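Structure, as structure tokens:
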Amino acid sequence: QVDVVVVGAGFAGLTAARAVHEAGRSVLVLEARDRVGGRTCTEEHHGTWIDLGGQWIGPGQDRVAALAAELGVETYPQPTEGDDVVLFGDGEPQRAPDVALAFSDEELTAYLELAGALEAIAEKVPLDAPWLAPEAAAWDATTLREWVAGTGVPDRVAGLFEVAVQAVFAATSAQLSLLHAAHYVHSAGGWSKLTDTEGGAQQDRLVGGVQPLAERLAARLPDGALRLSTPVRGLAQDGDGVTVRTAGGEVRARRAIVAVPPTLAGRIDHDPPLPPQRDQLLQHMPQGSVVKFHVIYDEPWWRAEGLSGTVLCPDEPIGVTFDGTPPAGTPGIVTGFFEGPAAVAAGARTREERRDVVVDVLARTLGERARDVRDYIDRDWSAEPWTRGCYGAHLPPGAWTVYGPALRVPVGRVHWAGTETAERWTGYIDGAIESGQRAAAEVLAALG
Amino acid sequence: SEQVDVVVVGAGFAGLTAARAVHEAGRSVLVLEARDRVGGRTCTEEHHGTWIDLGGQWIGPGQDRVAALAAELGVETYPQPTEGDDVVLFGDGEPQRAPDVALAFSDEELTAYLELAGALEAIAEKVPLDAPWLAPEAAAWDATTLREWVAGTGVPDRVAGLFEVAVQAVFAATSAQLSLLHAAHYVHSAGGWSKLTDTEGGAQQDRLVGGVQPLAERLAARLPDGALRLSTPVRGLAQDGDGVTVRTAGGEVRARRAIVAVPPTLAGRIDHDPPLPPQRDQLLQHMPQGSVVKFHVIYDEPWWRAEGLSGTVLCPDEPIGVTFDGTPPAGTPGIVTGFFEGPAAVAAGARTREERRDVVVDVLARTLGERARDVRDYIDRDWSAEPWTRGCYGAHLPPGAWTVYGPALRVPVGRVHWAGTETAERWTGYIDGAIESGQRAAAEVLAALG
Ligand SMILES: *Cc1cc2c(cc1C)nc1c(=O)[nH]c(=O)nc-1n2C[C@H](O)[C@H](O)[C@H](O)COP(=O)(O)OP(=O)(O)OC[C@H]1O[C@@H](n2cnc3c(N)ncnc32)[C@H](O)[C@@H]1O
Ligand SMILES: *Cc1cc2c(cc1C)nc1c(=O)[nH]c(=O)nc-1n2C[C@H](O)[C@H](O)[C@H](O)COP(=O)(O)OP(=O)(O)OC[C@H]1O[C@@H](n2cnc3c(N)ncnc32)[C@H](O)[C@@H]1O
Ligand SMILES: [Mg+2]
Ligand SMILES: [Mg+2]
Ligand SMILES: [Mg+2]
Numbered sequence: 005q006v007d008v009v010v011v012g013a014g015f016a017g018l019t020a021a022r023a024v025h026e027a028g029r030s031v032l033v034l035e036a037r038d039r040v041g042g043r044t045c046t047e048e049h050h051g052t053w054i055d056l057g058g059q060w061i062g063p064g065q066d067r068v069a070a071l072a073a074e075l076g077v078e079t080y081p082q083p084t085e086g087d088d089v090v091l092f093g094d095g096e097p098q099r100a101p102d103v104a105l106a107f108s109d110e111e112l113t114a115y116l117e118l119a120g121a122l123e124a125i126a127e128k129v130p131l132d133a134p135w136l137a138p139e140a141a142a143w144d145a146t147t148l149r150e151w152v153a154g155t156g157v158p159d160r161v162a163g164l165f166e167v168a169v170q171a172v173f174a175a176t177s178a179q180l181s182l183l184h185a186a187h188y189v190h191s192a193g194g195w196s197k198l199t200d201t202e203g204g205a206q207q208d209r210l211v212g213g214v215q216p217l218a219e220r221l222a223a224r225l226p227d228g229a230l231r232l233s234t235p236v237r238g239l240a241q242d243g244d245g246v247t248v249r250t251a252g253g254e255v256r257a258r259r260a261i262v263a264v265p266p267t268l269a270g271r272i273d274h275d276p277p278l279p280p281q282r283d284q285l286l287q288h289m290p291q292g293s294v295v296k297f298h299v300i301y302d303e304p305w306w307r308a309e310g311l312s313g314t315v316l317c318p319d320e321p322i323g324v325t326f327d328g329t330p331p332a333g334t335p336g337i338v339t340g341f342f343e344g345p346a347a348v349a350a351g352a353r354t355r356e357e358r359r360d361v362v363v364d365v366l367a368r369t370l371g372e373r374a375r376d377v378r379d380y381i382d383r384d385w386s387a388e389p390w391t392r393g394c395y396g397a398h399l400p401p402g403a404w405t406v407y408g409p410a411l412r413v414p415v416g417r418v419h420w421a422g423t424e425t426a427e428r429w430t431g432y433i434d435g436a437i438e439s440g441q442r443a444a445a446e447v448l449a450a451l452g
Numbered sequence: 003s004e005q006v007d008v009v010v011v012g013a014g015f016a017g018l019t020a021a022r023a024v025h026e027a028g029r030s031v032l033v034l035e036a037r038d039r040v041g042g043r044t045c046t047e048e049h050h051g052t053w054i055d056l057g058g059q060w061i062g063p064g065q066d067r068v069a070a071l072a073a074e075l076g077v078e079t080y081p082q083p084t085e086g087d088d089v090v091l092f093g094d095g096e097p098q099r100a101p102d103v104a105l106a107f108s109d110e111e112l113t114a115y116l117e118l119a120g121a122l123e124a125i126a127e128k129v130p131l132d133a134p135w136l137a138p139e140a141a142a143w144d145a146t147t148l149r150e151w152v153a154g155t156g157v158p159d160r161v162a163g164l165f166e167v168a169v170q171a172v173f174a175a176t177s178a179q180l181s182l183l184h185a186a187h188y189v190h191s192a193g194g195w196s197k198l199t200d201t202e203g204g205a206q207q208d209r210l211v212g213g214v215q216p217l218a219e220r221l222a223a224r225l226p227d228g229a230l231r232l233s234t235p236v237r238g239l240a241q242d243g244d245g246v247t248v249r250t251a252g253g254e255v256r257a258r259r260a261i262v263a264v265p266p267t268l269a270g271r272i273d274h275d276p277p278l279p280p281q282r283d284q285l286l287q288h289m290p291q292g293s294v295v296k297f298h299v300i301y302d303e304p305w306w307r308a309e310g311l312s313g314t315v316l317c318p319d320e321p322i323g324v325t326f327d328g329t330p331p332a333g334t335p336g337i338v339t340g341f342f343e344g345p346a347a348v349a350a351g352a353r354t355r356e357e358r359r360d361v362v363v364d365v366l367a368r369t370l371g372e373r374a375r376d377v378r379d380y381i382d383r384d385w386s387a388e389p390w391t392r393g394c395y396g397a398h399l400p401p402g403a404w405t406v407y408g409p410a411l412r413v414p415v416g417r418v419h420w421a422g423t424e425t426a427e428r429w430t431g432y433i434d435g436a437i438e439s440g441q442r443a444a445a446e447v448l449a450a451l452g
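Rendered as structure tokens:
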């Protein structure tokens, strides 16, 4: 019987396991995949790292910043300079020093007032208990889309805001409750923190990619602790401990920390079954929909044209793109996303069909040299059986106030982690780390 | 390991309908059921010398499949009691007695309610029963909650309130939880708002003598000996070019094709190899089951009948929104049947049976009167706590789900085919829709085998 069994070796499970080990307790980590990192995933292609999962850290994300500094992983800045390209519907592409300058003063004022309005709501939502917001009932009953419509902002501003919503939530404004979106904005420290590159969540990358940071963290565990390729099928508990069922047999422990996405936590055979409010909460926490891609070129040829590599095309299937080129300056990479409905449509198509869509958008925005592609690498996170959607869960109307209170409450000897349980930077690697710290502290207090 | 033509996962009305059709066509079939019984979301226990339907209990006009099955397997109906005054307790004032609930409304209020129901029906009729995502205004209707749509109509507070009781009694979910497209499809599927809400002429018209689970047991008895395997949950479904391997705790079954006839949330929990395609997996994540606690309060006699009361109370601002006289034809014991729905179900499900009883008796004392405290017994079931259901009556879809994920609802994945009331075109959410789905999935499998 080990003291603690952790299910899942993403940042949340690995943080929890390391904290349990450092306190002197025995720990086993059972991970379904043949690797650690979870929703972070890095592969070597073209002599450089390709982050198919989470890749950015930014100011305010102090847990992941501290971890990278502890484990010796350096950052490099997301490129910010050069003209952005904005394309509306059947128009011509417009170069602007920033995306914002493609809109009128009146449109930018309306967008800033709308974001400010959402921030002032967000500040009222308690980070550990969004269901305790004074207006929780009203705000849980309303979609974000209905709230945006009630502000009376013009179509164009609502459209621009929708690009930002889909980029942050991997879901449309109709899928999300206002209370969910408000909590998420509060959790990040504001709308600028979510959407800015400089000063926000897209500010910095990790030299070598993010999966190797998760691997350095896993290397702080003793040999024998990590069990890869070992999906957890069942989790039983009684008065003396827990029993984890895998295909290859059973693990006995005193307490468990389940650190997987909510939809996957619900699929484990729990004995006794989970209490109904918790089971139904997991039924109301669907993962987002995103296909993440990197377009590889021999060089970042757009830079010589004075272009950033960022394109904003609200009527195309892809979201905002980014210059993904490493510090070496080759290969040239354009990074982007299919989000929400567009990701579900794209996920039903082949890689080559997705490639063709992306290259056509880039040819029309960055220029005809976009067609001379060396490689196209993507990942539909909804097709990953051990994730079933990025970036993370969202809650539809009515879920936070009725089912949400079951989010973090331990069920006997079974404690919960994962970025969806974080108070701050929920949905991000930083929040995953928070959740693993919190769950470990719960378990260590319970064993004592 | 055993080899059969078809394995059916689940012995609810959908699974059993499918298995019987496959058997009667001459194919070998096994039915693997998790529970120690058949009937699934229908469940009957004997108490106080009569049947207690803890799950689905009513059938109505227009539900032709369940009516044909009951007739075929020799299960008689009895009518839901209709006579006596209903009691309506609004958010303000004393309880009001009326021969029908609608008489508790003002004329302005009743006109507004019928105009709201008519407007919903006009949208509903435009929603194709086989493909709600092909509605002309599908994107707009899928992007709006039913509640937002109601708010836009400008009806009076008492009208929104009584409409909300009906919404929660039909969907086991609040109007904020449901997309307008989902609600409109459900109304079309049933044949209109009256079909869903009426007793005479609607879904609550008739009961089955002896309860519903015996009907499922008679349908199971049409299978050959050894076909039904109870207390055998399916954990895994692996498939290749030639068949499917079904994994249970102790063994495996090999089949040419499978029909999975379980609630959507539980279908997604089976270990699929290869993994399910992403649209389907994410659809199941967007098909949460409802929240209901169904109860029966037992009295020695239906004493309310002697006071000229029907036993029905309607309370928009109470944890129990609606009740019915559940007394059997013999006339004893007296039964008051009702529901905690939606948020009230989740709140109630976190409390004990005795705590729920005391909430029910509190509401009944204030509406039917003092004799409501003279309880012989109280029997209830939180369907959200049932590990092999995880919520009644069935799934609903939140905004944005039907248009983006919905198209994956019925499409087979290789040799794995889908049944269940949630896949029915007509009377989806009901026993009648379960039977439809089972007939459809059996015909699909038989066509695909040859
Ligand atoms: C997918 C993605 C995510 C992402 C993003 C882009 C994409 C395409 N961009 C981000 C970014 O730039 N910066 C950032 O901070 N976050 C970004 N995100 C989100 C981020 O990746 C996640 O918030 C974070 O990685 C989540 O960590 P957490 O530890 O909570 O969850 P996980 O990584 O999913 O780990 C769960 C592990 O559990 C294993 N698993 C699942 N089920 C089982 C069972 N049954 N048995 C055993 N193991 C299981 C998974 O394999 C996984 O390793
Ligand atoms: C619960 C409920 C339902 C109900 C209602 C009131 C309540 C509280 N009132 C109704 C009514 O008066 N009239 C009516 O027509 N319907 C009413 N409903 C809904 C109705 O009961 C359902 O629509 C219908 O019974 C659904 O049938 P279906 O066959 O589609 O589904 P099921 O009954 O859930 O059966 C599924 C079976 O699968 C088993 N199971 C689940 N998971 C597994 C696995 N992994 N392996 C093996 N078997 C599995 C279940 O145990 C169940 O038997
Ligand atoms: Mg810039
Ligand atoms: Mg009547
Ligand atoms: Mg019609």
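As given, the protein sequences belong to chains A and B, one line each in that order. If you're matching positions, the first sequence starts at 5 in the authors' numbering and goes up one per residue. If you're matching positions, the second sequence starts at 3 in the authors' numbering and goes up one per residue. Backbone N, C-alpha and C fix where the C-beta goes; we use that ideal spot for every residue, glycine too.
Best match in the options for proximity to residue i [C-alpha to C-alpha]
i, options, result
"residue 171 of chain B", "B:341, B:451, B:356", "B:341"
"residue 400 of chain A", "A:286, A:446, A:242, A:432", "A:286"
"residue 22 of chain B", "B:452, B:439, B:87", "B:439"
"residue 62 of chain B", "B:445, B:434, B:447, B:144", "B:434"
"residue 136 of chain A", "A:245, A:407, A:396", "A:407"
"residue 246 of chain A", "A:140, A:230, A:419", "A:419"
"residue 77 of chain B", "B:125, B:209, B:29", "B:209"
"residue 242 of chain A", "A:25, A:7, A:417", "A:417"
"residue 182 of chain A", "A:293, A:128, A:67, A:160", "A:128"
"residue 335 of chain B", "B:306, B:314, B:166", "B:306"
"residue 355 of chain A", "A:411, A:297, A:410", "A:297"
Cβ pair residue i, residue j closer than 8 Å
i, j, result
"residue 195 of chain A", "residue 122 of chain A", "yes"
"residue 316 of chain A", "residue 90 of chain A", "yes"
"residue 72 of chain A", "residue 429 of chain A", "no"
"residue 405 of chain A", "residue 102 of chain A", "no"
"residue 34 of chain B", "residue 231 of chain B", "yes"
"residue 261 of chain A", "residue 238 of chain A", "no"
"residue 43 of chain B", "residue 14 of chain B", "yes"
"residue 367 of chain B", "residue 358 of chain B", "no"
"residue 126 of chain A", "residue 292 of chain A", "no"
"residue 279 of chain B", "residue 415 of chain B", "yes"
"residue 283 of chain A", "residue 392 of chain B", "yes"
8 Å Cβ cutoff, residue i in contact with chain A
i, result
"residue 2 of chain B", "Limits of chain B in this structure are 3 at one end and 452 at the other, which puts residue 2 of chain B out of reach."
"residue 413 of chain B", "no"
"residue 9 of chain B", "no"
"residue 39 of chain B", "no"
"residue 133 of chain B", "no"
Contacts around residue i, its chain only, beta-carbon distance under 6 Å, and the 5 residues preceding and following it disregarded
i, result
"residue 83 of chain B", "327"
"residue 330 of chain A", "52"
"residue 422 of chain B", "16, 263, 439"
Own chain, CB closer than 7 Å to residue i, minus 5 neighbours either side, in chain order
i, result
"residue 457 of chain B", "The question about residue 457 of chain B has no answer, for chain B in this structure spans 3 to 452."
Short CB-CB distance (under 8 Å) between residue i and chain B
i, result
"residue 188 of chain A", "no"
"residue 387 of chain A", "yes"
- request: Anything in the region 146-159 of chain B with a Cβ closer than 8 Å to a Cβ of chain A? List those residues in chain order, please.
  value: Within the region 146-159 of chain B, the residues whose Cβ lies closer than 8 Å to any Cβ of chain A are, in chain order, 146, 147, 149, 150.
query: Mind listing which residues of the region 220-245 of chain B have their C-beta closer than 8 Å to chain A's C-betas, in chain order?
result: For the region 220-245 of chain B, which is checked against every Cβ of chain A, the residues closer than 8 Å are 237.
message: Short of 7 Å Cβ to Cβ, which residues in the region 283-296 of chain B face chain A?
response: So the list reads 283, 284, 287, 288, 290, 291, 293, given in the order they occur along the chain.
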